[PDB]
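Asker:
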Ligand SMILES: CN1Cc2cc(Br)ccc2NC1=O
């Protein structure tokens, strides 16, 4: 109860589609970032209990993580690529809001975002 419920990874009343762009976001973007040596702190929701970050969910009100994103991609949750991109950007942004430059966790996010940006540069033209 110090942690909130995690973000949903399915929602039967949400509209969704499959696109070449969403497939690329799973195949290339998520899987590449997932395997990165700095991936591990972002592979699941921030556990404020285990990590003794009792202020986290007082500061971060739209939590996101790659475990959630991966599940959303696997579960065909998204209407378009933009929705998924927004979730990665929320993940990064949260990290940069809560922490400060030079913190380890920030170096990790930055390195992951740098790669994310590289991969999003080659996002295929839709259809
Ligand atoms: C995204 N994270 C996860 C994390 C893992 C460890 Br270990 C220590 C601090 C944090 N804080 C974050 O912002």
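In the numbering used here, the protein residues as written are 6 to 132.
No residue lacks a Cβ here, since even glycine has one placed at the ideal position from N, Cα and C.
For ligand 1, I want to know if residue 51 counts as a neighbour, meaning its beta carbon is within less than 7 angstroms of at least one of the ligand's heavy atoms.
Answerer: Indeed, a heavy atom of ligand 1 lies less than 7 angstroms from the Cβ.
Asker: Output yes or no for whether 8 angstroms exceeds the beta carbon distance between residue 50 and residue 7.
Answerer: It is not a contact, given that the beta carbons lie outside the stated cut-off.
Asker: Determine the DSSP secondary structure at residue 108, reduced to helix, strand or coil.
Answerer: Looking at residue 108 - three-state DSSP - the assignment turns out to be coil, as it is neither helix nor strand.
Asker: Could you check if residue 16 belongs to the surroundings of ligand 1, using beta carbon to heavy atom distance under 7 angstroms?
Answerer: No, Cβ of residue 16 sits at least 7 angstroms from all heavy atoms of ligand 1.
Asker: Excluding five sequence neighbours on each side, which residues of the same chain lie with their C-beta closer than 7 angstroms to the C-beta of residue 113?
Answerer: Contacts found: 43 and 46.
Asker: When every heavy atom of ligand 1 is checked, does at least one fall within less than 7 angstroms of the C-beta of residue 100?
Answerer: Yes, Cβ of residue 100 sits closer than 7 angstroms to a heavy atom of ligand 1.
Asker: To the nearest angstrom, how far is it from the Cα of residue 108 to the Cα of residue 117?
Answerer: Approximately 14 angstroms between the Cα atoms of the pair.
Asker: Determine the burial state of residue 54: buried for a count of at least 16 other Cβ atoms within 10 Å of its Cβ, exposed for fewer.
Answerer: Classification for residue 54: exposed.
Asker: Going by the CB atoms, is the gap between residue 48 and residue 71 shorter than 8 angstroms?
Answerer: Cβ atoms of residue 71 and residue 48: closer than 8 angstroms.
Asker: Say yes only if the C-beta of residue 9 is nearer than 7 angstroms to one or more non-hydrogen atoms of ligand 1, and no if none qualify.
Answerer: Because no heavy atom of ligand 1 lies under 7 angstroms away, the Cβ of residue 9 does not count as near it: no.
Asker: Mark residue 52 as exposed unless 16 or more other C-beta atoms lie within 10 angstroms of its C-beta, in which case mark it buried.
Answerer: Residue 52 is exposed by the Cβ-count criterion.
Asker: Rank 31, 61, 75 and 123 by C-alpha distance to the C-alpha of residue 103 and give the top, closest one.
Answerer: Measuring from the Cα of residue 103, the nearest candidate turns out to be 61.
Asker: When burial is assigned at 16 or more other CB atoms within 10 Å of the CB, is residue 32 buried or exposed?
Answerer: Exposed, by the Cβ-count rule.
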